[PDB]
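Chains as they are written, first to last, in the deposited numbering: chain I, 71 to 140; chain G, 12 to 29, 63 to 73.
Backbone N, C-alpha and C define an ideal beta-carbon position, used for all residues, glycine too.
Structure first, commentary second.
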RNA sequence: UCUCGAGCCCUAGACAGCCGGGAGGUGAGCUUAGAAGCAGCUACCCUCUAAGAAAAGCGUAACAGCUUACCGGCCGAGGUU
């Protein structure tokens, strides 16, 4: 239903591509609340019961693209 | 006497309060 | 084929075989018209959970498909280096 994570990130990031080599080349960034919103849009797609873990899954694709958090 | 087996028997007993062999072990407890 | 020694695993059920499970975020990013476990390059992270790799091997033009790891059951005595 709701579009894939890789895309939902590139929107609130402002960047279109990821990184040639992740965690070594920081491309995009993300605040905590911004990730809370993304955690809400993928409730059906994710298996996590709490919004706590729901975040962790999204937060699990970011750093592997060069998406730092603050 | 593997440790992970002991940690499971505990975890099971923990849910009982609040592998089939490991379930029975916990029931007995 | 016979004999002797060492280590490790095992009734909290080992070795094997058979059955069942092998799940989601996600067909990871990049690259590429496309690449979705599996052309290449980088990374290889978290959920549900009793398991389940950013996939060990075949397979596809690419998907699919077939299984490997891993978990559970049946079985029951030694097994393995």
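Buried versus exposed call for residue i [16 or more other C-beta atoms within 10 Å across all chains shown]
i: residue 152(I); result: Shown here, chain I extends from 71 to 140; a query on residue 152(I) therefore has no answer.
i: residue 121(I); result: exposed
i: residue 72(I); result: exposed
For residue i, the three-state DSSP class (helix, strand or coil)
i: residue 87(I); result: coil
i: residue 12(G); result: coil
i: residue 137(I); result: strand
i: residue 99(I); result: strand
i: residue 130(I); result: helix
i: residue 80(I); result: helix
i: residue 104(I); result: helix
i: residue 18(G); result: helix
i: residue 72(G); result: helix
Other residues of its chain near residue i: CB distance less than 8 Å, five sequence neighbours each side excluded
i: residue 129(I); result: 105 and 139
Distance between residue j and residue i (C-alpha atoms, nearest Å)
i: residue 85(I); j: residue 110(I); result: 22 Å
i: residue 83(I); j: residue 103(I); result: 13 Å
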